[PDB]
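# Starting from these lines, generate the structure:
(2 chains)
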Amino acid sequence: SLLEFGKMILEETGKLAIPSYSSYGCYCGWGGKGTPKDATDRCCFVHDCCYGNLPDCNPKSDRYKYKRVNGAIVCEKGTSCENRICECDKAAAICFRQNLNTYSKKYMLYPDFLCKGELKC
Amino acid sequence: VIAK
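Numbering: from 1, shown residues only, chains lettered A, B, ... in the order given. Let me share the structure:
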């Protein structure tokens, strides 16, 4: 659930999920269209696509459990939806951390009309 | 704590 993804973000990047990742580029927070504007935005695009392969689950509200062996994210066994939601989130966080060095403030609150074109998952 |  969003509860988890967001604390996972915070633990990983050091930034708060809502301001920093809730409205970035074209795909972070409201995804529907356009070309992702960067790494971080692409992370969100792969993330939205990951949720996409789970039409019968509920990403934002279904809670899963996870632990850290050392720095590593390890998803604990739950329902099949929960394990798979957890795997999509783990990816996004790592993806966010691997591209922190190019995170740009100019893509915060990015206007909708500047997101043009479909891109296939 | 995030998005959508």
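# so what's the residue nearest to residue A:56 when sequence neighbours are not counted up against?
Of all residues not flanking residue A:56 in the chain, residue A:81 sits nearest, at 7.3 Å (CB to CB, 6 or more residues apart in numbering or on different chains). (Each C-beta comes from the backbone N, C-alpha and C, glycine too.) Taking CB atoms under 8 Å, 6 or more residues apart in numbering or on different chains as the contact definition, residue A:81 lies against A:54, A:56, A:57, A:58, A:62.
# and if we set it to 7 Å?
A:54, A:57, A:62 (CB atoms under 7 Å, 6 or more residues apart in numbering or on different chains).
# wait, residue A:103 sits on residue A:40?
Yes: Residue A:103 is in contact with residue A:40 according to CB atoms under 7 Å; the separation is 5.4 Å.
# which of the two has more neighbours?
Between residue A:103 and residue A:40, counted using other CB atoms under 10 Å in any protein chain shown, the more crowded position is residue A:40 (26 against 18).
# Chain B versus that one, what's the distance?
13 Å (CB to the nearest CB, to the nearest Å).
# For that residue, give me its contacts.
Contact partners of residue A:40, counting by CB under 7 Å, 6+ apart, are A:24, A:25, A:28, A:96, A:99, A:103.
# Among those residues, which one sits closest to chain B?
Using CB to the nearest CB, residue A:28 comes nearest to chain B of the contacts of residue A:40, at 6.6 Å.
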